[PDB]
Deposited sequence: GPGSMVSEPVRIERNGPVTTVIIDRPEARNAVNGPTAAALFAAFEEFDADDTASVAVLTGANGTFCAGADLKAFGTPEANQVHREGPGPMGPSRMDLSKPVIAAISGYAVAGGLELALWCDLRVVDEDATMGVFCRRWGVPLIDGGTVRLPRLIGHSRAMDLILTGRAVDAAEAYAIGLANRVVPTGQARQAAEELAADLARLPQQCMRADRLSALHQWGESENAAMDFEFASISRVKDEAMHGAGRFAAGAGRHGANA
């Protein structure tokens, strides 16, 4: 048998699927896993034949968060002010979009990976929630769904089911159990068929405007050409 890969990459034309695959650890992200995720997305960003990525977990779950059991071992999550975030790709500003395909649980650092993605496609039976946040949760959640609901989720740490996630704008799509990956890959293929430069420029302006005045944001938008 071959050695275990905690992150598998599959490509189908211009769509790259990045898969967390740690059955025993319920897709928890340790140091080597985070490094592999960061490398997978670095490779995606630089590859001009890849248009859209999908981030998913195997084994019927997305990601249980940072690998607690690895704390104090050589496999521990790397926590530094510089370089990659503890979960891996969570500080990256990619030039192209990523869709999260969520089955089972997307919790703690796992939720943060989902917030980092552009869109979230969620199974009807999936659960999201906070359950410190140092992979962008406190930054992204209020921007994504508004301060009021963000502060609810952040303070309480409560579970959010798919119906509520959809109602509040956290889940962009809700699909039947087991279908998140397929549905996200199709949506990624649909996006890959659109005029790319224009879509990518519009995405980057919608990201860049956060924290800017109307005047400055409009200026940056106009550079789309």
> What's missing from the model if you number the deposited sequence from 1?
Replying inline: 1-3, 135-140, 235-259
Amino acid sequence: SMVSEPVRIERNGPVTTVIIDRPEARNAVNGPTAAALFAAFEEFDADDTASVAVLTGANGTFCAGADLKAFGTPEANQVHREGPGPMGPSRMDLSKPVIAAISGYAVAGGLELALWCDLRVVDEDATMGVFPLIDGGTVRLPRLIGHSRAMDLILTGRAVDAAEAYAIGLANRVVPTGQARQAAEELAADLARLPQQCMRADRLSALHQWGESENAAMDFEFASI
From here on, numbers count along this sequence of modelled residues.
> As stated in the PDB record, which stretch has the larger average Cα B-factor, 65-73 or 44-52?
Replying inline: 65-73
> Between 104-112 and 76-84, which has the larger average Cα B-factor in the PDB entry?
Replying inline: 76-84
> Based on the PDB record, which member of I19, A216, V15, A206 exhibits the highest Cα temperature factor?
Replying inline: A216
>> In terms of recorded Cα temperature factor, pick the maximum from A150, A126, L133, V98.
In response: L133
> Based on the entry's values, in what third of the chain does the Cα temperature factor of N59 lie: lowest, middle or highest?
Replying inline: highest
>> Sorting by Cα B-factor within the chain, modelled residues only, which third would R158 end up in: lowest, middle or highest?
In response: middle
> What third of its chain's C-alpha B-factors does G178 belong to: lowest, middle or highest?
Replying inline: middle
